[PDB]
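Below is final_3.pdb, which holds PDB, C-alpha atoms and all ligand atoms.
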ATOM      1  CA  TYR J   1      -1.501  -7.204  -1.397  1.00  0.00           C
ATOM      2  CA  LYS J   2      -4.791  -8.627  -0.080  1.00  0.00           C
ATOM      3  CA  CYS J   3      -6.553  -6.347   2.454  1.00  0.00           C
ATOM      4  CA  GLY J   4      -7.609  -9.379   4.570  1.00  0.00           C
ATOM      5  CA  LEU J   5     -10.828  -7.580   5.583  1.00  0.00           C
ATOM      6  CA  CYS J   6     -12.030  -7.559   1.928  1.00  0.00           C
ATOM      7  CA  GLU J   7      -8.960  -9.146   0.201  1.00  0.00           C
ATOM      8  CA  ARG J   8      -8.973  -6.770  -2.795  1.00  0.00           C
ATOM      9  CA  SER J   9      -5.511  -7.277  -4.370  1.00  0.00           C
ATOM     10  CA  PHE J  10      -3.719  -3.889  -4.134  1.00  0.00           C
ATOM     11  CA  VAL J  11      -0.684  -3.964  -6.449  1.00  0.00           C
ATOM     12  CA  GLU J  12       1.252  -1.619  -4.076  1.00  0.00           C
ATOM     13  CA  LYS J  13       1.395  -1.474  -0.247  1.00  0.00           C
ATOM     14  CA  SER J  14       0.822   2.312  -0.444  1.00  0.00           C
ATOM     15  CA  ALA J  15      -2.562   1.643  -2.073  1.00  0.00           C
ATOM     16  CA  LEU J  16      -3.259  -1.093   0.517  1.00  0.00           C
ATOM     17  CA  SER J  17      -2.516   1.346   3.353  1.00  0.00           C
ATOM     18  CA  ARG J  18      -4.693   4.032   1.711  1.00  0.00           C
ATOM     19  CA  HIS J  19      -7.481   1.463   1.144  1.00  0.00           C
ATOM     20  CA  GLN J  20      -7.811   0.962   4.921  1.00  0.00           C
ATOM     21  CA  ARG J  21      -9.775   4.286   4.999  1.00  0.00           C
ATOM     22  CA  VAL J  22     -12.628   1.977   3.866  1.00  0.00           C
ATOM     23  CA  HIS J  23     -12.600   0.082   7.235  1.00  0.00           C
ATOM     24  CA  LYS J  24      -9.845   1.520   9.455  1.00  0.00           C
ATOM     25  CA  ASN J  25     -10.413  -1.270  12.021  1.00  0.00           C
TER      26      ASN J  25
HETATM   27 ZN    ZN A   1     -10.463  -3.730   2.310  1.00  0.00          ZN
END

What does the file become when written as structure tokens?
Ligand SMILES: [Zn+2]
Amino acid sequence: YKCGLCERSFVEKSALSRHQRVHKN
């Protein structure tokens, strides 16, 4: 799953969700 904001490919949506801490809109 590509973050869109930094498109790092997170294998699982859980990780993608967690990764938003990095930007959080
Ligand atoms: Zn990101």

List all protein, DNA and RNA residues that have any atom at most 7 Å from ligand ZN 1 (chain A), counting only C-alpha atoms and all ligand atoms, and write the list as a PyMOL selection string. chain J and resi 3-8+19-20+22-23

Using 6 Å of padding on each side, determine the axis-aligned box around all atoms of stretch 2-12 of chain J present in the file and give its centre and edge lengths in Å to one decimal, as AutoDock Vina command-line options.
--center_x -5.4 --center_y -5.5 --center_z -0.4 --size_x 25.3 --size_y 19.8 --size_z 24.0

The PyMOL selection byres (((chain J and resi 1) around 10) and not hetatm) resolved against shown file, as an MDAnalysis selection string: chainID J and resid 2:4 7:17

Selected residues, C-alpha atoms, written as a short mmCIF file (atom, residue, chain, number, x, y, z; two decimals), keeping the file's coordinate frame, please.
data_model
loop_
_atom_site.label_atom_id
_atom_site.label_comp_id
_atom_site.auth_asym_id
_atom_site.auth_seq_id
_atom_site.Cartn_x
_atom_site.Cartn_y
_atom_site.Cartn_z
CA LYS J 2 -4.79 -8.63 -0.08
CA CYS J 3 -6.55 -6.35 2.45
CA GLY J 4 -7.61 -9.38 4.57
CA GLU J 7 -8.96 -9.15 0.20
CA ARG J 8 -8.97 -6.77 -2.80
CA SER J 9 -5.51 -7.28 -4.37
CA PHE J 10 -3.72 -3.89 -4.13
CA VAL J 11 -0.68 -3.96 -6.45
CA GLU J 12 1.25 -1.62 -4.08
CA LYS J 13 1.40 -1.47 -0.25
CA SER J 14 0.82 2.31 -0.44
CA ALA J 15 -2.56 1.64 -2.07
CA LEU J 16 -3.26 -1.09 0.52
CA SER J 17 -2.52 1.35 3.35
#
